[PDB]
Amino acid sequence: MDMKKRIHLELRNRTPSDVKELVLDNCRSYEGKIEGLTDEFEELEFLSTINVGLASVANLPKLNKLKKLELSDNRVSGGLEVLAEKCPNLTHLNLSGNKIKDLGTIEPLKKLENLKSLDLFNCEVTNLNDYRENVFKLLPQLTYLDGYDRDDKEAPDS
Amino acid sequence: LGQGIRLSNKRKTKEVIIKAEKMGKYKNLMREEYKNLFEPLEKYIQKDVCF
Amino acid sequence: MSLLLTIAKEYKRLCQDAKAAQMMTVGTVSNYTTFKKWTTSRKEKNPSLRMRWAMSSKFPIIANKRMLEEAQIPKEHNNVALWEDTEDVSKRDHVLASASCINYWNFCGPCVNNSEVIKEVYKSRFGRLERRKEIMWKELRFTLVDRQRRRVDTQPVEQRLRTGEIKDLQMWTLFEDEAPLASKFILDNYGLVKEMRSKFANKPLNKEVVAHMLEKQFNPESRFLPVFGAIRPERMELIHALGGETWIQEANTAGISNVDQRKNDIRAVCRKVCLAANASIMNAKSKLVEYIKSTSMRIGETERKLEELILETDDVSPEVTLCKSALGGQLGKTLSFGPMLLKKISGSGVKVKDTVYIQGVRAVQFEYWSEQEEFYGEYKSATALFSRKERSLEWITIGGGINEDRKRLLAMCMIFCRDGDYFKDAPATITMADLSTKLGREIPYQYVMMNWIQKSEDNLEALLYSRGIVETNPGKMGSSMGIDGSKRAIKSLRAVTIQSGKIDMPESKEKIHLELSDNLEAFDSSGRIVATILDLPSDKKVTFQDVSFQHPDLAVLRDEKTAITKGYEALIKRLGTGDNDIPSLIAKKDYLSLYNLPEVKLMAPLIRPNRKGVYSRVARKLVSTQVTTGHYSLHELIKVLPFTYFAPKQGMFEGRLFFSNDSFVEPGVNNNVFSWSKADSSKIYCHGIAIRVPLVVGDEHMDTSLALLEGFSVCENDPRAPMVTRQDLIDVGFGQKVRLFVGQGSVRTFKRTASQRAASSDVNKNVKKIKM
């Protein structure tokens, strides 16, 4: 469909200032660009954008109370520096299924001191040598990785 | 002498095959490197071999 | 926006006038088309001349003005003019310009983000290019060619359609707001429309051009041309670069476009079902029609209904002919007598009776035509032109290239004309058993002699001997045919002519509506037979791929998988409108009433009994999770519901859900037992069989009103109900009424209640109740 109509539908007369969660999976965004988001959304604490032909997160607006994100199934590549400024209080992130070519792209995420878990599956980076360990040495703040902590400690449900 | 040389047109749609004994008959066509390596020895050739 | 307000102001200003008001008030909207002609009418005799005479000027072109200002197109860039402020007389909103400005635009003008969409707009021509690139040329040779003229197709096209089917498709892919009522072709071909729409959506484009290109993408260009060699559209599109009257550029083009495979598969299916229905004795007609409508097949990615493809193709075969006749499909005036082909050029006649003695004295009636007639005939690599006269083959000419084919064509021609003494006194070898009636169905002596020839070559030789033989006169030596099929001999057959060079196939753009009998023999407003079931191969075994024989008699599966499939079918049939159905319950979030449906109660016995509770738990869990929020996928509930009938329990769920027949389904991944795709969201594949889900509700995937149209219907107009758009149409309640605008200049009233019944049965039955 289109993120605009999807959003306007999810907003069953509700103001964009009292919601705590939102989902836009199985939609479409022209040029792989966000469309319809603003800073009006303040109380939002969760987001899910999956398989929407997205390619960059530049347009994403500031969201402080947000603490979980999902961007799988898209083709995002080299837009990670923006996340820090917009959403610095973020803890959970997911990117499995996107175009991540090297560890250089993932360096900015160190500034997300509130980060706990990260999910990278089916990406090119995973096909390297000593990637989990090198990543951990890069992001000491991060504890979980793709659902497994150091020593392969399976993470709980929630 | 081993198997003789072969010919070919530009587009390579046609390809002729000749034996060694007759390479002295079409010397004017073969390339230089293959020609300069053939004339000085034509003397020693009898039918298809080299004395 | 402000533009909208401007359009409204313009409409007001225009209505202030009297003539404009009278014309916009009187009559319907169709008058617009007419008005489109009385304006902007101007032609020229020799545009080449006037083009050289105009381009010699300073500003021979017109162009928009605001587009240039917005684009910042200057004037007198480098002492070379591009345009000057003026107003053309016709447009009044355009300004003269020069050709150089176009180059300026192309070089330092505004650039769009992306333009690869073009490859989709003109897919046919990029396909031409690619097909060319995948060719391996060969040597060139010179010689004479036997170029035969005939009607063929030059444009390879998949899913060839009609015009009425195309006009709606364009509107539903580009102008949906202005769309008309949903036609059957749409509801049936949903995935196709979805595909064509996914590409031309949210794009900057000129739409008229796209519509024209789609028309070309669905038009097989039929031409009457000279031809040599094989006949395939892949070649005819570039025939000009393969050979002429005196030269030939050899090249292999066999492995491209995969066309004829589809046709041979179709014909095989037709033969199969024709034989099946022939197995009957009194209802082979209805049996065949049922087998037809109870069958489908895949084309590339999509699944199409058989009866729909049959009415679009033009394969003149004795199988396709019968089918197209049963379905009332009109067709051309082309005959078929066994493997050969025939076409009448001129003449007339009428049936007549005669008899022959098979062995000793055994009278058997056989008919013939009492007049002079002329016929063209085409067998494998052989052509012929002959004439019949009162049960005799008057003359014949041939232009083939083989002796065997020549002899076979001649023999089948002699038979078709009942020429010879055999039709006067049959041979001893034949008997009453070989006569007819494998199981009661009679056989005219014609096809009898046919199979008698196909049996042994010596029967054919004797038949040829039945034709007069004489000594080859001088000069005619070249135009003579022996018994072996030699272009010359010392003694040759009677009334025969040979020549090198095929015969030019005739042509006629005519159509006829024929019928058939209970014995599968078609008639054409006369006692003439165009097709039958005796002119096709006897039988053969084939393994059809990507087909759906959803019919009991035409099925090989066991009662177990069939029971599962029928349970799924019933459970989907409960996907309609009205309370007590699953859509209303989802809307009300009554995820519990689903567990108590009767259909799950009928499919429950099929569940593995030792682990039915655990699976039940999981199923109910998923359902609640999907229903409570609203983010569900209809293709998973229909799959897991049959397990929610029993009571939950405790245990470890491995990940699969087994039935009692060691066949499982997995929740999230497609398998042999239950498959589907986001591309074609209107199908469910169970055990290979396909099932058509109605379009009443749309989940996250479906993203238009197309998925809701099978839930709506027309009703008596009510001015009290509101008028809404095509997007808010989803927020109505099942059983409610609402007014709406459809297509152009038309408003109606709809109700979200369906009617699964069709007209076919309601008419056929009521008719049969009248012949008593």
# chains A, B, ... in the order shown; residues from 1 in each chain; ligands from 1
$ select_by_dssp --residues "range 394-516 of chain C" --states "alpha helix (DSSP H)" --output "PyMOL selection string"
chain C and resi 403-416+432-435+445-455+457-466
$ write_last_selection --atoms "C-alpha atoms" --output "CSV table (one decimal), in the first residue's frame"
chain,number,residue,atom,x,y,z
C,403,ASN,CA,7.4,-38.8,-51.8
C,404,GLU,CA,5.9,-40.4,-48.7
C,405,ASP,CA,4.0,-37.3,-47.8
C,406,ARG,CA,2.9,-36.9,-51.4
C,407,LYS,CA,1.4,-40.4,-51.5
C,408,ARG,CA,-0.3,-40.1,-48.1
C,409,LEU,CA,-1.9,-36.8,-49.1
C,410,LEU,CA,-3.1,-38.2,-52.4
C,411,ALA,CA,-4.6,-41.2,-50.6
C,412,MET,CA,-6.4,-39.2,-48.0
C,413,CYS,CA,-7.6,-36.9,-50.8
C,414,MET,CA,-9.0,-39.8,-52.8
C,415,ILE,CA,-10.8,-41.0,-49.7
C,416,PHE,CA,-12.2,-37.6,-48.9
C,432,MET,CA,-18.0,-56.4,-39.9
C,433,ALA,CA,-15.9,-56.3,-36.7
C,434,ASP,CA,-13.5,-53.7,-38.1
C,435,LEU,CA,-16.5,-51.9,-39.5
C,445,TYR,CA,-16.6,-46.4,-44.2
C,446,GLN,CA,-14.4,-43.3,-44.8
C,447,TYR,CA,-12.5,-43.5,-41.5
C,448,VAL,CA,-12.6,-47.2,-41.9
C,449,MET,CA,-10.5,-47.1,-45.0
C,450,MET,CA,-8.4,-44.4,-43.3
C,451,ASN,CA,-7.3,-46.8,-40.5
C,452,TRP,CA,-7.1,-49.6,-43.0
C,453,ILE,CA,-4.5,-47.5,-44.8
C,454,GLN,CA,-2.6,-46.5,-41.7
C,455,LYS,CA,-2.4,-50.2,-40.8
C,457,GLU,CA,1.6,-49.7,-46.5
C,458,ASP,CA,0.3,-52.3,-49.0
C,459,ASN,CA,-3.3,-51.2,-48.5
C,460,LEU,CA,-2.0,-47.7,-49.5
C,461,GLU,CA,-0.3,-49.1,-52.6
C,462,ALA,CA,-3.4,-51.0,-53.7
C,463,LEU,CA,-5.5,-47.8,-53.1
C,464,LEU,CA,-3.1,-45.8,-55.3
C,465,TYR,CA,-3.4,-48.6,-58.0
C,466,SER,CA,-7.2,-48.0,-57.8
$ residues_around --residues "range 18-34 of chain B" --least-positions-apart "4" --cutoff "7 Å" --atoms "only C-alpha atoms" --output "list in words"
residues 1, 3, 4, 5, 6, 38, 47 and 48 of chain B
$ write_last_selection --atoms "N, CA and C atoms" --output "PDB file, in the first residue's frame"
ATOM      1  N   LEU B   1      55.849 -35.025 -39.407  1.00  0.00           N
ATOM      2  CA  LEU B   1      55.211 -33.805 -38.951  1.00  0.00           C
ATOM      3  C   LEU B   1      53.808 -34.112 -38.457  1.00  0.00           C
ATOM      4  N   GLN B   3      49.799 -33.155 -37.093  1.00  0.00           N
ATOM      5  CA  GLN B   3      48.635 -32.774 -37.873  1.00  0.00           C
ATOM      6  C   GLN B   3      48.852 -31.419 -38.528  1.00  0.00           C
ATOM      7  N   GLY B   4      48.457 -31.323 -39.786  1.00  0.00           N
ATOM      8  CA  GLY B   4      48.632 -30.096 -40.524  1.00  0.00           C
ATOM      9  C   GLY B   4      47.784 -28.968 -39.977  1.00  0.00           C
ATOM     10  N   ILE B   5      48.072 -27.772 -40.477  1.00  0.00           N
ATOM     11  CA  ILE B   5      47.380 -26.563 -40.057  1.00  0.00           C
ATOM     12  C   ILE B   5      45.956 -26.566 -40.582  1.00  0.00           C
ATOM     13  N   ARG B   6      45.157 -25.626 -40.096  1.00  0.00           N
ATOM     14  CA  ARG B   6      43.779 -25.467 -40.508  1.00  0.00           C
ATOM     15  C   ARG B   6      43.568 -24.020 -40.919  1.00  0.00           C
ATOM     16  N   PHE B  38      59.011 -22.164 -41.783  1.00  0.00           N
ATOM     17  CA  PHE B  38      58.677 -23.229 -42.716  1.00  0.00           C
ATOM     18  C   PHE B  38      59.487 -23.179 -43.999  1.00  0.00           C
ATOM     19  N   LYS B  47      57.879 -35.563 -48.562  1.00  0.00           N
ATOM     20  CA  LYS B  47      56.435 -35.518 -48.754  1.00  0.00           C
ATOM     21  C   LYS B  47      55.730 -34.825 -47.601  1.00  0.00           C
ATOM     22  N   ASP B  48      55.918 -35.320 -46.379  1.00  0.00           N
ATOM     23  CA  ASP B  48      55.284 -34.752 -45.197  1.00  0.00           C
ATOM     24  C   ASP B  48      56.229 -34.754 -44.006  1.00  0.00           C
TER      25      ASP B  48
END
$ residues_around --residues "residue 131 in chain A" --least-positions-apart "4" --cutoff "12 Å" --atoms "only C-alpha atoms" --output "ChimeraX atom specification"
/A:102-103,106,120,123-127,135-139,145
$ write_last_selection --atoms "N, CA, C and O atoms" --output "short mmCIF file (atom, residue, chain, number, x, y, z; two decimals), in the first residue's frame"
data_model
loop_
_atom_site.label_atom_id
_atom_site.label_comp_id
_atom_site.auth_asym_id
_atom_site.auth_seq_id
_atom_site.Cartn_x
_atom_site.Cartn_y
_atom_site.Cartn_z
N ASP A 102 30.61 -4.02 5.68
CA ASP A 102 31.84 -4.02 6.47
C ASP A 102 31.58 -3.44 7.85
O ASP A 102 30.58 -2.75 8.09
N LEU A 103 32.52 -3.72 8.75
CA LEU A 103 32.43 -3.25 10.13
C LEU A 103 32.52 -1.74 10.24
O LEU A 103 32.06 -1.18 11.24
N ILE A 106 29.27 -0.11 11.01
CA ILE A 106 28.70 -0.35 12.34
C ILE A 106 29.41 0.41 13.45
O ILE A 106 28.97 0.36 14.60
N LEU A 120 22.00 -9.14 13.63
CA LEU A 120 22.52 -9.14 12.27
C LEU A 120 22.51 -10.58 11.77
O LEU A 120 23.29 -11.41 12.23
N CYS A 123 23.54 -11.12 6.63
CA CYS A 123 24.31 -10.01 6.09
C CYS A 123 25.70 -10.49 5.69
O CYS A 123 26.17 -11.54 6.13
N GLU A 124 26.36 -9.69 4.85
CA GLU A 124 27.68 -10.07 4.37
C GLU A 124 28.71 -10.05 5.50
O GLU A 124 29.63 -10.87 5.51
N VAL A 125 28.55 -9.11 6.43
CA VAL A 125 29.51 -8.97 7.53
C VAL A 125 29.66 -10.28 8.28
O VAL A 125 30.76 -10.63 8.73
N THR A 126 28.56 -11.02 8.45
CA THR A 126 28.61 -12.27 9.20
C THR A 126 29.53 -13.30 8.56
O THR A 126 29.96 -14.24 9.24
N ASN A 127 29.83 -13.16 7.28
CA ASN A 127 30.64 -14.12 6.55
C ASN A 127 32.13 -13.85 6.67
O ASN A 127 32.91 -14.36 5.86
N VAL A 135 33.41 -7.48 16.80
CA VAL A 135 32.30 -6.58 17.08
C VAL A 135 32.21 -6.29 18.57
O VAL A 135 32.10 -5.13 18.99
N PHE A 136 32.25 -7.34 19.39
CA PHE A 136 32.20 -7.14 20.83
C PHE A 136 33.32 -6.21 21.29
O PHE A 136 33.10 -5.34 22.14
N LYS A 137 34.52 -6.39 20.74
CA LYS A 137 35.62 -5.51 21.09
C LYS A 137 35.37 -4.10 20.59
O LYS A 137 35.91 -3.14 21.16
N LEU A 138 34.57 -3.95 19.54
CA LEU A 138 34.21 -2.62 19.05
C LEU A 138 33.12 -2.00 19.91
O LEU A 138 33.24 -0.85 20.34
N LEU A 139 32.04 -2.74 20.15
CA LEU A 139 30.94 -2.26 20.97
C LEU A 139 30.92 -3.00 22.31
O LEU A 139 30.19 -3.98 22.47
N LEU A 145 23.96 -10.50 20.88
CA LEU A 145 24.21 -10.38 19.45
C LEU A 145 23.45 -11.48 18.73
O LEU A 145 23.74 -12.66 18.91
#
$ residues_around --residues "range 580-589 of chain C" --least-positions-apart "6" --cutoff "7 Å" --atoms "only C-alpha atoms" --output "PyMOL selection string"
chain C and resi 574+627-628
$ interface_residues --of "chain B" --to "chain C" --cutoff "12 Å" --atoms "only C-alpha atoms" --output "ChimeraX atom specification"
/B:9-15
$ write_last_selection --atoms "N, CA and C atoms" --output "PDB file, in the first residue's frame"
ATOM      1  N   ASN B   9      37.703 -18.642 -42.226  1.00  0.00           N
ATOM      2  CA  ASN B   9      37.288 -17.335 -42.694  1.00  0.00           C
ATOM      3  C   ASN B   9      37.242 -16.361 -41.522  1.00  0.00           C
ATOM      4  N   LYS B  10      36.854 -15.122 -41.814  1.00  0.00           N
ATOM      5  CA  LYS B  10      36.798 -14.096 -40.781  1.00  0.00           C
ATOM      6  C   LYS B  10      35.853 -14.500 -39.657  1.00  0.00           C
ATOM      7  N   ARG B  11      34.568 -14.650 -39.976  1.00  0.00           N
ATOM      8  CA  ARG B  11      33.569 -15.017 -38.980  1.00  0.00           C
ATOM      9  C   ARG B  11      33.719 -16.446 -38.485  1.00  0.00           C
ATOM     10  N   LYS B  12      34.611 -17.234 -39.077  1.00  0.00           N
ATOM     11  CA  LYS B  12      34.891 -18.598 -38.648  1.00  0.00           C
ATOM     12  C   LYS B  12      33.748 -19.556 -38.947  1.00  0.00           C
ATOM     13  N   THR B  13      32.821 -19.161 -39.818  1.00  0.00           N
ATOM     14  CA  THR B  13      31.730 -20.048 -40.196  1.00  0.00           C
ATOM     15  C   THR B  13      32.202 -21.215 -41.045  1.00  0.00           C
ATOM     16  N   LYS B  14      33.343 -21.081 -41.710  1.00  0.00           N
ATOM     17  CA  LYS B  14      33.913 -22.147 -42.514  1.00  0.00           C
ATOM     18  C   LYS B  14      35.354 -22.375 -42.097  1.00  0.00           C
ATOM     19  N   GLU B  15      35.757 -23.641 -42.073  1.00  0.00           N
ATOM     20  CA  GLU B  15      37.074 -24.025 -41.588  1.00  0.00           C
ATOM     21  C   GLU B  15      37.583 -25.182 -42.428  1.00  0.00           C
TER      22      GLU B  15
END
$ residues_around --residues "residue 496 in chain C" --least-positions-apart "5" --cutoff "8 Å" --atoms "only C-alpha atoms" --output "list in words"
residues 395, 396, 397, 479, 480 and 481 of chain C
$ write_last_selection --atoms "N, CA, C and O atoms" --output "PDB file, in the first residue's frame"
ATOM      1  N   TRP C 395      -9.308 -33.596 -60.654  1.00  0.00           N
ATOM      2  CA  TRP C 395      -7.918 -33.248 -60.885  1.00  0.00           C
ATOM      3  C   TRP C 395      -7.259 -32.907 -59.561  1.00  0.00           C
ATOM      4  O   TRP C 395      -7.922 -32.714 -58.539  1.00  0.00           O
ATOM      5  N   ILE C 396      -5.933 -32.839 -59.587  1.00  0.00           N
ATOM      6  CA  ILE C 396      -5.165 -32.497 -58.401  1.00  0.00           C
ATOM      7  C   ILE C 396      -3.783 -32.043 -58.834  1.00  0.00           C
ATOM      8  O   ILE C 396      -3.213 -32.565 -59.793  1.00  0.00           O
ATOM      9  N   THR C 397      -3.255 -31.061 -58.114  1.00  0.00           N
ATOM     10  CA  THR C 397      -1.892 -30.598 -58.294  1.00  0.00           C
ATOM     11  C   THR C 397      -1.193 -30.577 -56.946  1.00  0.00           C
ATOM     12  O   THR C 397      -1.824 -30.371 -55.907  1.00  0.00           O
ATOM     13  N   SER C 479       5.967 -33.324 -65.090  1.00  0.00           N
ATOM     14  CA  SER C 479       4.729 -33.196 -64.325  1.00  0.00           C
ATOM     15  C   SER C 479       4.017 -34.546 -64.277  1.00  0.00           C
ATOM     16  O   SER C 479       2.968 -34.766 -64.885  1.00  0.00           O
ATOM     17  N   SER C 480       4.619 -35.465 -63.529  1.00  0.00           N
ATOM     18  CA  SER C 480       4.079 -36.807 -63.393  1.00  0.00           C
ATOM     19  C   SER C 480       4.554 -37.401 -62.079  1.00  0.00           C
ATOM     20  O   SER C 480       5.581 -37.000 -61.528  1.00  0.00           O
ATOM     21  N   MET C 481       3.792 -38.373 -61.586  1.00  0.00           N
ATOM     22  CA  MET C 481       4.078 -39.010 -60.308  1.00  0.00           C
ATOM     23  C   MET C 481       3.876 -40.508 -60.443  1.00  0.00           C
ATOM     24  O   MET C 481       2.803 -40.959 -60.854  1.00  0.00           O
TER      25      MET C 481
END
$ atom_distance --atom1 "CA of residue 473 in chain C" --atom2 "CA of residue 490 in chain C"
8.2 Å
$ interface_residues --of "chain C" --to "chain A" --cutoff "7 Å" --atoms "only C-alpha atoms" --output "JSON, numbers by chain"
{"C": [202, 700, 701, 703]}
$ write_last_selection --atoms "N, CA, C and O atoms" --output "CSV table (one decimal), in the first residue's frame"
chain,number,residue,atom,x,y,z
C,202,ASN,N,3.2,5.0,-8.1
C,202,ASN,CA,4.1,6.0,-7.4
C,202,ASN,C,5.2,6.4,-8.3
C,202,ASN,O,6.4,6.4,-7.9
C,700,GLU,N,-3.0,-7.3,5.4
C,700,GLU,CA,-1.9,-6.3,5.2
C,700,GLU,C,-1.3,-6.4,3.8
C,700,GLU,O,-1.0,-5.3,3.2
C,701,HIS,N,-1.2,-7.6,3.2
C,701,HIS,CA,-0.7,-7.7,1.9
C,701,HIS,C,-1.5,-7.0,0.8
C,701,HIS,O,-1.1,-6.1,0.2
C,703,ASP,N,-3.7,-4.5,-0.9
C,703,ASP,CA,-3.5,-3.1,-0.7
C,703,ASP,C,-4.3,-2.3,-1.7
C,703,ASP,O,-3.9,-1.4,-2.3
$ atom_distance --atom1 "CA of residue 71 in chain C" --atom2 "CA of residue 83 in chain C"
14.0 Å
$ residues_around --residues "residue 15 in chain A" --least-positions-apart "2" --cutoff "12 Å" --atoms "only C-alpha atoms" --output "MDAnalysis selection string"
chainID A and resid 7:8 10:13 17:20 40:44
$ write_last_selection --atoms "N, CA, C and O atoms" --output "short mmCIF file (atom, residue, chain, number, x, y, z; two decimals), in the first residue's frame"
data_model
loop_
_atom_site.label_atom_id
_atom_site.label_comp_id
_atom_site.auth_asym_id
_atom_site.auth_seq_id
_atom_site.Cartn_x
_atom_site.Cartn_y
_atom_site.Cartn_z
N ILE A 7 -0.38 4.52 8.08
CA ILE A 7 -0.31 5.28 9.32
C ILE A 7 -1.66 5.89 9.65
O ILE A 7 -2.20 5.71 10.74
N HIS A 8 -2.23 6.63 8.69
CA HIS A 8 -3.51 7.27 8.94
C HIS A 8 -4.57 6.27 9.37
O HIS A 8 -5.51 6.62 10.09
N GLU A 10 -3.82 3.24 11.08
CA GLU A 10 -3.47 2.86 12.45
C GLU A 10 -3.92 3.90 13.45
O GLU A 10 -4.28 3.56 14.58
N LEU A 11 -3.92 5.17 13.05
CA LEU A 11 -4.36 6.26 13.92
C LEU A 11 -5.87 6.35 13.86
O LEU A 11 -6.46 7.18 13.16
N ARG A 12 -6.52 5.48 14.63
CA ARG A 12 -7.97 5.48 14.69
C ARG A 12 -8.43 6.67 15.51
O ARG A 12 -8.91 6.50 16.64
N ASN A 13 -8.29 7.87 14.96
CA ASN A 13 -8.63 9.13 15.60
C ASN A 13 -7.69 9.48 16.74
O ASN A 13 -7.85 10.54 17.37
N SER A 17 0.50 11.65 19.84
CA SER A 17 1.23 12.06 21.03
C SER A 17 0.93 11.20 22.24
O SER A 17 1.45 11.49 23.32
N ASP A 18 0.11 10.16 22.10
CA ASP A 18 -0.26 9.30 23.22
C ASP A 18 -0.06 7.83 22.91
O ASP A 18 -0.49 6.98 23.69
N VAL A 19 0.58 7.51 21.79
CA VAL A 19 0.81 6.13 21.39
C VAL A 19 2.16 5.68 21.93
O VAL A 19 3.08 6.48 22.12
N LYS A 20 2.28 4.37 22.16
CA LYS A 20 3.51 3.79 22.68
C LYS A 20 4.11 2.75 21.75
O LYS A 20 5.15 2.17 22.08
N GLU A 40 6.05 14.91 16.29
CA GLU A 40 4.83 14.86 17.09
C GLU A 40 4.78 13.60 17.94
O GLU A 40 4.29 13.63 19.08
N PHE A 41 5.28 12.49 17.42
CA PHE A 41 5.31 11.23 18.14
C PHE A 41 6.38 11.32 19.22
O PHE A 41 7.57 11.24 18.94
N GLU A 42 5.94 11.48 20.47
CA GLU A 42 6.84 11.64 21.60
C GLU A 42 6.81 10.44 22.54
O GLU A 42 7.87 9.96 22.96
N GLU A 43 5.63 9.95 22.87
CA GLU A 43 5.49 8.83 23.78
C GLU A 43 5.79 7.49 23.12
O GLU A 43 5.77 6.46 23.80
N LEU A 44 6.05 7.48 21.82
CA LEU A 44 6.31 6.23 21.13
C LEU A 44 7.56 5.57 21.69
O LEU A 44 8.60 6.22 21.87
#
$ residues_around --residues "residue 152 in chain A" --least-positions-apart "4" --cutoff "12 Å" --atoms "only C-alpha atoms" --output "PDB file with C-alpha atoms, in the first residue's frame"
ATOM      1  CA  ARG A 132      31.434 -11.622  16.740  1.00  0.00           C
ATOM      2  CA  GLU A 133      34.577 -11.135  18.806  1.00  0.00           C
ATOM      3  CA  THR A 143      25.749  -7.535  25.468  1.00  0.00           C
ATOM      4  CA  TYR A 144      23.483  -9.725  23.186  1.00  0.00           C
ATOM      5  CA  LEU A 145      24.211 -10.377  19.453  1.00  0.00           C
ATOM      6  CA  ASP A 146      21.638 -12.023  17.181  1.00  0.00           C
ATOM      7  CA  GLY A 147      20.129 -13.496  20.339  1.00  0.00           C
ATOM      8  CA  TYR A 148      23.343 -14.893  21.829  1.00  0.00           C
TER       9      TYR A 148
END
$ closest_residue --among "C:93, C:161, C:151, C:200" --to "residue 231 in chain C" --atoms "only C-alpha atoms"
C:151
